[PDB]
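Visitor: Sequence, then the experimental structure. Questions to follow.
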Amino acid sequence: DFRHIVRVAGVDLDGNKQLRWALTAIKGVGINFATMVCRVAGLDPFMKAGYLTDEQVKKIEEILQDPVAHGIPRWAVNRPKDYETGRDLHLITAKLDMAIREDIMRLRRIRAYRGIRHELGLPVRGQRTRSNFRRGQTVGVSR
Amino acid sequence: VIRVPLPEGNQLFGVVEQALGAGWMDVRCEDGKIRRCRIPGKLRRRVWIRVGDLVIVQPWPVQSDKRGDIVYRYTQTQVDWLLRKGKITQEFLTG
Amino acid sequence: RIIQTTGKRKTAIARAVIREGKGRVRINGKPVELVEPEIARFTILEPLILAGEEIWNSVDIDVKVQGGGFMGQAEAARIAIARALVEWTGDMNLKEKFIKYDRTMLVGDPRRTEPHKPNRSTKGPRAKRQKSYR
Amino acid sequence: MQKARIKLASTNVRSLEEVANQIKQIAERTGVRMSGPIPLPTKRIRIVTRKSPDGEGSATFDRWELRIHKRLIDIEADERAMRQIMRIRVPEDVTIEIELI
Amino acid sequence: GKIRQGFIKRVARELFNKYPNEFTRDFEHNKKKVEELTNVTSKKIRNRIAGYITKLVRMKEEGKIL
Amino acid sequence: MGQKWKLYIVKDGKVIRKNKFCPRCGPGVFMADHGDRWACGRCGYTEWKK
Amino acid sequence: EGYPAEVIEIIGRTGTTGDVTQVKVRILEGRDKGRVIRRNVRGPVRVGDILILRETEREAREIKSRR
Amino acid sequence: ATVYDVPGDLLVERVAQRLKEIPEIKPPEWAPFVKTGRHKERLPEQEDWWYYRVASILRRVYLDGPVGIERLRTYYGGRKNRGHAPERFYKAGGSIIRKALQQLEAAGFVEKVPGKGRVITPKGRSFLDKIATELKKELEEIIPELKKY
Amino acid sequence: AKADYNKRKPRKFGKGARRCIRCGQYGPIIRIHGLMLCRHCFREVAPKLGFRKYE
Amino acid sequence: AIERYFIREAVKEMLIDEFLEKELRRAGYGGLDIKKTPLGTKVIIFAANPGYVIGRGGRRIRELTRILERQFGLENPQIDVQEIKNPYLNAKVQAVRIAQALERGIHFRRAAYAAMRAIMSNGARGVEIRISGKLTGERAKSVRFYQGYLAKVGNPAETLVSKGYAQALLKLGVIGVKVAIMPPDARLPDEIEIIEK
Amino acid sequence: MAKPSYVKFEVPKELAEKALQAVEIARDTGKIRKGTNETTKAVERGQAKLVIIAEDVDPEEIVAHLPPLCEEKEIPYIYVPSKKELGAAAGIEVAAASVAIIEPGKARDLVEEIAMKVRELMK
Amino acid sequence: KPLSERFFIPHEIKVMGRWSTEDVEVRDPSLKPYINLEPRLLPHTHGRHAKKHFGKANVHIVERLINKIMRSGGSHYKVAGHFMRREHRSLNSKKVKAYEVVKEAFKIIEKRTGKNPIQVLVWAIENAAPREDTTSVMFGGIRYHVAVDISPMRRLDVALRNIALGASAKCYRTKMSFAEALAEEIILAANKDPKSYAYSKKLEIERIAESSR
Amino acid sequence: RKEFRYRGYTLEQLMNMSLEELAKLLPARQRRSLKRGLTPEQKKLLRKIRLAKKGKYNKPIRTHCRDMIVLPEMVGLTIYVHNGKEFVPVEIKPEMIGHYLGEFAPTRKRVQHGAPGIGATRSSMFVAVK
RNA sequence: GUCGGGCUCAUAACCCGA
RNA sequence: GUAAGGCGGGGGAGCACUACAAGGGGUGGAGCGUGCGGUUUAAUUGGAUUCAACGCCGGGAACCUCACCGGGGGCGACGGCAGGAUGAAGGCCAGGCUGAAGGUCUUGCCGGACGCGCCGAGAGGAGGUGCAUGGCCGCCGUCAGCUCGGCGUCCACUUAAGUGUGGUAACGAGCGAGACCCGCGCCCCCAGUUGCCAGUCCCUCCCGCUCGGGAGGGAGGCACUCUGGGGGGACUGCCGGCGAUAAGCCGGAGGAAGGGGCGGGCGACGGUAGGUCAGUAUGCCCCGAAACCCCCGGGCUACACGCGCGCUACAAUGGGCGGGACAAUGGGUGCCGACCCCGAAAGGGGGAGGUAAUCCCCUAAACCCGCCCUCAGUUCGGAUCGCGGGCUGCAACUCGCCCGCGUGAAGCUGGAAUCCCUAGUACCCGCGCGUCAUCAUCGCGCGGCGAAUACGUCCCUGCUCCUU
Ligand SMILES: [Mg+2]
Ligand SMILES: [Mg+2]
Ligand SMILES: [Mg+2]
Ligand SMILES: [Mg+2]
Ligand SMILES: [Mg+2]
Ligand SMILES: [Mg+2]
Ligand SMILES: [Mg+2]
Ligand SMILES: [Mg+2]
Ligand SMILES: [Zn+2]
């Protein structure tokens, strides 16, 4: 009954790892958050992912669609207090990066100071730029 | 605005064609007449001139041909400063 | 009758007390049979293990140690225990064996750290920065 | 009774022992008990400061220090002794404090 | 180098050829008889004068003084 | 330095000062006549002139 | 392999930077067994040591008058 | 026998198992989603991590007198991995310790000294010393040197 | 009034809230155990306060 | 605590003394000492000519106490003038006397020789004067005079030699003076005698 | 106190003397309130004792303030011949109008004579 | 891990309480008075020797082995390829850890071979000690590199350092640990096997020393 | 996706909220700054924006206070902000509320680099000073 | 041959990398 | 021209981990913290450039600091002039200009003598000059020199040393070295609170049920530790061998300690036109209604690039989770905050005791035991960015610090070159003070754990003496 590749919520994940570490392959889940959803779905976080039957994948995917309505606190979600509505949302692989893209386009529309630094590709959180952050290539005077 | 040795009185601009040695430098002036400049005593110690750098000089009206005298020098900060205002034209350096 | 002695090792003072008994020895309340870093348990056992299963089973010792660290307290306890065992019994064929083996079990160690000087001053007296010509 | 408690403190350690000994005398000449001068830990204050006015040269420092010595005395409350300890004429750099317990 | 100092010798001689029978070959006797015959107020300085006097009394009592 | 001290509503036969006093200080110090309020002059009052 | 020798006298410090020492050794088994020769050693040496050497006929070049 | 006669961690392991019978000790319902301090990085891995912390706090006021919360936070602190900067010590949180002491107090094992902290009652001394004796009785079967005392 | 534009502002924290008692400068001021002096004025008047340089 | 009391009363003396230097430069200020009795203190000022410090019938002293009570602490001050104990062993005074003789117009080699002669007459062991400024030229110089024994390095030359410094402003610039004296009862450690019978 | 181009009455010389010479002696002893537009208010309160109003002010608008107001107070006053002497009697060197004072010290006999003279004479 | 081995109580003065140095035998007459094999229950002397000339002669050999692995590796000389700069995760002043790895090495050596572990170590530190070398000599003006002889104390020091460094490379970024890489080095040296590091270094020293006689 | 909503509230809806029920919908910085009150200069600026909003003050609004927090009273009008030398027009739109006022007026000019000069490398230092 | 870094108080000569 | 002896790729002797030799750890290659040169700007304020410039000017700058850029507004003791009690200098309710302002103006009141519209002078100046000075400081150098009433100060040997002993046209001296001062390690006397608890005695509680063992209080005592005033102890003194038998040097006993006992303070006559006029003092030259004094907003925090000093790593000589162990220096009234309650955390509300051996900061980390990971760009590494919650402050966008969830860059051991260290030292690990309203990858100190090698040479890099 063992399976070598299981597919849960989009991406398919390994079958010879501990369930808590196979769920990290999803972009939008870390190790602190995967432990929570294994403890809420009610199954051990040390079992090998390949032993997941179908009902358990269904429960996991359900918990991934609204974590607050199942027991996860609301200080432990991906983005709390959504900008369009005051809900508490946790987003994953394909809809997470679209949110960040729109969050940067908003700052670029009004021409804020933090959206222009995104335009130019320069440091945004106030670092110093004389000695580090050197991504370009050398220049000379003469030899 | 700025403290630059622009033309003040009877000034000239020095762009040397060749150094023969012994204090004589020959400049390719827009005049056409080859001016053979010399050196005073105050600049032969603290500053240091070479070939190809625009400098300032003072001529003497004697024949208005072989004359000239440096009294101050130009930096690298100013060589391209004296171009945007159009005070001097660069094409006489390349033609 | 009872006796009491002293031992010191780099900011670690130890006070021991000996008397007639059954053979049990406690250090701060812990029996020496239960001390975890074995390299520290074998240090406080030599003065006893070198005197035999005979003198060991006629005394009760208890040491009060404070200061220093887990290895600077074991040697303080050892000095205290040897200095006490050499007085209770009062025989010198035992003081002989305590000096062929280790002379400091009975005279002590006078070494302390050295004040640091100013070039880094937070690394040591003689550690300095890194020179740089050019 | 009432075990008055005198507390001296000073920087010159020589100019302290003589006041302590005056009090020791005054107690001995009379009939009254006294707890000998109890030494409390010295309180040295220390200040490190760079030695040059500008910033050139290697950096070398100073270590200035000021030490302050303290004592403690208990004594029974007798007018024959209290009166005598009131004309004792402390020197200038000696600070004295009395308070009944 | 444990070189003897200049004023140690200069006094250790001056009070050995002035009282040439008041110093024996013993160290601890000299140390006392030195502290009372001079105004030395240090302690490392009377130890060294006592040592030099001992070395003088053991050389002049055996033979050739140099 | 010119001359300006007049128009106190003062005549001959009798005198009736035009601007009243400032209650804050005693008598003597007069009032202002801006046209909407009575301004002290050096005290502090905006009682909306009577 | 190798015949041993016993160090009985030191002569001083040779070496381009003061590292080797010249000594006088006495062989004690093999073809010679008793001849006294001179050799150079690298390291700290006492009297009474026992070196292990592999040639027994080299006779280190004499030192500059020991001084 | 007392708790001075045995190794501490084997005792804590044995005491935690007994603590699962007192119906007053039960983990708060925000326990599956927390870590124990700002100096840690990941959440506790064993499922009964509550019982170990409680049973370590009980043995902790037994042999350290009247003690309060802000001193049990310095014991349960540690070193931090704060990125590119050098390591540094920090205290621990408070709720995990406060709930533990309140639940122990409701069990009867500790109590409150007015203005000094918390002590252990005769009932708690009985509880710990009995288990310590039960542990030592089976630790003389392998080290026959603990027989003496 | 013309007496409102030569008058300072009363800071109470910052480098401009403490100045040397003897020189009058802002910056490197010792504030240990009360004393309030430049690091330059202390070093030249410490022997008269009673400090000594033992070690 | 207590150290804050011990070093709050050492700064008041320092400020009062440093003000009195400037104020009483002439007539030769020597030094002071405060005595704190109940209900008030007692200030003593060892000048060298009480005539200038007291005033005309004592009208300078009124101003002095008014300042010493308003601009400094000293809730109830009482001044009285004195005379220096030994003016020729107090280098901090000879520095000022040489400085004044300079800025009055005397050559810088008569001043120093006269001063050294007086100090070594009144019974000192040895003296050292060092005058360094723009004397005789436009480039600075420095000269040095000395007479007898004088320790320089070590603990005995930190407690036994008395030393002072003073400026002598002139028409061209300043000139620094530095004097140092060793009193006639010194006794270095090097000096031992044989207590004989 | 208007210009002499105002026929109020005649002016004698004795009161002039013993009232213009009444100021210096009262100046070295009291508190002086010079000028006109200053003590108009003090006499509005009525505190100034011996006011001394002259006849020199021109033009005739700011000139008659007290003669309309003398009829409501006690106004112990005189008339003054000219101005320079009034500036010299107290204060400064300008053309003065009414140098009124309070508390004439040592100068009360002249008060009792000529002040009550001018009181009983006219008002 | 078994409590009978976690709480260990010795009753006798043997080295580390487990093995006895009575029938070990130093065959080499040169390295006889420098290999110390006296009773010495515990091997830790708190560095009281490195103050007197020729002092480290009376220090038990097991302790010299323990002191010479409290290092990081090769920090200014490449050893078998690379540098081995291990900062902040080296056992530079941790003696407890070095003591444990030497104890575990000895427990593995006693099992694969079946002999007293110190007999094997004393065999190994004689096959790794070289007896010829090379240096320079200044004389009249020039130099030229020659052959010299090695004194026995230096032989012992070089042998021990070479065993330490040879064992300290087989455990670098490899699946093998350090307690067992320290046993695989000793077992291999005492067999005069080429795969060693300490034995090969003696061969390559003696060879290029003979080349220049 | 056509109207602007901040937390589910439209503009004219979040416009008549008070200053304490709104600050629950702002980030932590803005809430704390609104809770310690407006500084007197921001009070003089708000006193002048509420005139320009009702009927009066047809005259360009200028300010130095780069710390003002864009609030739903200021949506529509164009104010000028001092960037160190000039007053820069910053028209206020929804999606600006919450942000600081200086966040839309830059203070340093963009740097477009030239060519290294003498001393820029270790090969041009000692061959040029003579 | 070109840019960059090393060695020297600094330039030449010399060593290394792109 | 802005104040008319030393050296030599010569010879001897002697030294030093900022020299080598024998060793331990690294830097140089990747990312970031910070200082510098250079480019950019309205300004990105200045000084320092081999050792001896570059976490240096105690320089961790949000306002102030501040010297820089854009704007606004103030100040001439004192002499003598225009004018001035018919009222000089000066102050304000409301409203305009304004970033905001009785600063100016509209509007009318007030105060009672002076008077920058004028002339001379004067305060004040982080304005020039450190190449006009004083004071202070770094380097030759803690080297052995520099001189007085060419020699003496040279030669042989000796010393850390111009430190000593002999021979000497030399004999006597001074300052520097030494002596001197502060700590550390061993023993004794006097002291016993706020420090200490061993032996006796009362009282309560717990365990194998108590014969034994343990834990807290109060009665008592200075026994031990400690605190700090005074004393002792070590002198080449004793034994053996070199050297003359003298100066001295090697080895050993006894000793807590051994050959300046170990670690620090104190830097001669002079030079370096070395640094500082931007710590204070000061001559000359310049600004003097401005280069002086204040207030608002920007800047020193910009970023194709070359360099210095560091922090974190490239994994098993480890990462994570849960348990268990042991310090010292210092600081506290504008401040330290035990103890109870609220929160998941940062944090929030009450609040004893402390002006100090009395109460607080203050149950350190590396280390040990159990389980998961198994050589992989990973359960290594933690830059970079999104959303949300807090603290200090009059003010956090430029441009502060802290917390939770998410994202997951280069990096798989480093070319030529090059630095620091000789014993409780170097390496590894955390802590306290300074600066401080808030902010430590820094300076200065503290303890924890604890080695390898050599007791030597003048080969390289330097310095001191005699000679040529
Ligand atoms: Mg080159
Ligand atoms: Mg600023
Ligand atoms: Mg200079
Ligand atoms: Mg010299
Ligand atoms: Mg210069
Ligand atoms: Mg800066
Ligand atoms: Mg990780
Ligand atoms: Mg900010
Ligand atoms: Zn100052």
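Guide: Sure thing, it's come through. Numbering: from 1, shown residues only, chains lettered A, B, ... in the order given. Ligands and ions are numbered 1, 2, ... in the order given.

Visitor: hey, let's count contacts and neighbours off CA atoms from now on
Guide: Fine.

Visitor: can you tell me the residue of chain F closest to chain D?
Guide: The minimum distance from chain F to chain D, using CA to the nearest CA, falls at residue F:42 (55.0 Å).

Visitor: residues touching that residue, list them.
Guide: Residue F:42 makes contact with no residue under the criterion CA atoms under 8 Å, 6 or more residues apart in numbering or on different chains.

Visitor: ditto for residue B:88
Guide: residue B:82.

Visitor: I figured residue K:24 hits residue K:91, correct?
Guide: No - the pair residue K:24 / residue K:91 is not scored as a contact, 9.5 Å apart, by CA atoms under 8 Å.

Visitor: Distance of the residue of chain F closest to chain D relative to residue F:33?
Guide: Distance of residue F:42 to residue F:33, computed by CA to CA, to the nearest Å: 14 Å.

Visitor: now swap in residue K:21 and tell me
Guide: In this structure, residue K:21 and residue F:33 are 41 Å apart, going by CA to CA.

Visitor: neighbour count winner among these two?
Guide: Using other CA atoms under 10 Å in any protein chain shown, the more surrounded residue of residue K:21 and residue F:33 is residue K:21, with 18 against 13.

Visitor: what's the more buried one sitting at in phi/psi?
Guide: Per-residue torsions, residue K:21: phi -80, psi 10 (degrees, to the nearest 10).

Visitor: Nearest residue to it in space, please, no chain neighbours.
Guide: Excluding its sequence neighbours, the residue lying closest to residue K:21 (CA to CA, 6 or more residues apart in numbering or on different chains) is residue K:89, at 6.9 Å.

Visitor: With residue D:94 instead?
Guide: In this structure, residue D:94 finds its nearest non-sequential neighbour in residue D:10, 4.9 Å apart by CA to CA, 6+ apart.

Visitor: May I have the beta-bridge partners of that neighbour?
Guide: residue D:69, residue D:94 (DSSP bridges).

Visitor: contacting residues for it?
Guide: Residue D:10 sits in contact with D:16, D:68-70, D:93-95, where contact means CA under 8 Å, 6+ apart.

Visitor: any idea how far residue J:75 is from residue J:38?
Guide: The gap separating residue J:38 from residue J:75 is 11 Å, by CA to CA.

Visitor: neighbour count winner among those two?
Guide: Per other CA under 10 Å, whichever of residue J:38 and residue J:75 has more neighbours is residue J:75, with 11 against 7.

Visitor: ok, for that one, nearest residue in space, not its chain neighbours?
Guide: Nearest non-adjacent residue to residue J:75 (CA to CA, 6+ apart): residue J:69, at 6.0 Å.

Visitor: what's in contact with the helix or strand where the one you found lies?
Guide: Assigned by DSSP states H and E, residue J:69 belongs to helix J:59-70. Applying CA under 8 Å, 6+ apart, the contact partners of helix J:59-70 are J:16, J:53-55, J:74-79.

Visitor: one more time with 7 Å
Guide: Contact partners of helix J:59-70, identified using CA atoms under 7 Å, 6 or more residues apart in numbering or on different chains, comprise J:53-55, J:74-77.

Visitor: same thing with stretch J:12-30?
Guide: Under CA under 7 Å, 6+ apart, the answer for stretch J:12-30 is J:46-49, J:52, J:84, J:93.

Visitor: Is it in proximity to RNA strand O?
Guide: No - for stretch J:12-30, no contact with RNA strand O is found by CA under 7 Å from any atom of the strand; the gap never falls below 11.0 Å.

Visitor: where exactly do the strands run in chain I?
Guide: Ranges of strands within chain I are I:29-30, I:37-38, based on DSSP state E.

Visitor: Can you tell me which residue is spatially central in chain K?
Guide: residue K:52 (0.8 Å; CA atoms, centre = their mean).

Visitor: is it true that it touches residue K:81?
Guide: No - in this structure, residue K:52 is not within contact of residue K:81 by CA atoms under 7 Å, at 10.2 Å.

Visitor: Tell me the secondary structure of the residue of chain B found nearest chain K, please.
Guide: The minimum distance from chain B to chain K, using CA to the nearest CA, falls at residue B:1 (55.4 Å). The local conformation at residue B:1, judged by DSSP: H, G, I helix; E, B strand; the rest coil, is coil.

Visitor: can you give me the helices for chain D?
Guide: All helices of chain D, identified by DSSP state H, fall at D:14-29, D:79-82.

Visitor: Adding mean neighbour count, write those out as CSV.
Guide: Formatted as CSV, the helices of chain D follow (neighbours: other CA atoms under 10 Å in any protein chain shown):
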stretch, mean neighbour count
helix D:14-29, 15
helix D:79-82, 14
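
Visitor: before we move on, back to that, list buried members of the contacts of stretch J:12-30 by neighbour count.
Guide: The neighbour count (16 or more other CA atoms under 10 Å in any protein chain shown) marks J:46-49, J:84, J:93 as buried among the contacts of stretch J:12-30.

Visitor: Count the neighbours of the residue in chain D that chain M sits nearest to for me.
Guide: When distances are taken as CA to the nearest CA, chain D reaches nearest to chain M at residue D:56, 22.9 Å away. Using other CA under 10 Å, residue D:56 is surrounded by 7 other residues.

Visitor: Same question for residue K:120.
Guide: 9.

Visitor: One more: residue H:33?
Guide: When neighbours are counted by other CA under 10 Å, residue H:33 registers 19.

Visitor: And the closest residue to it other than its chain neighbours, how far from residue J:19?
Guide: Leaving aside its sequence neighbours, residue H:33 sits nearest to residue A:36 (CA to CA, 6+ apart; 6.0 Å). Distance, residue A:36 to residue J:19, using CA to CA: 75 Å.
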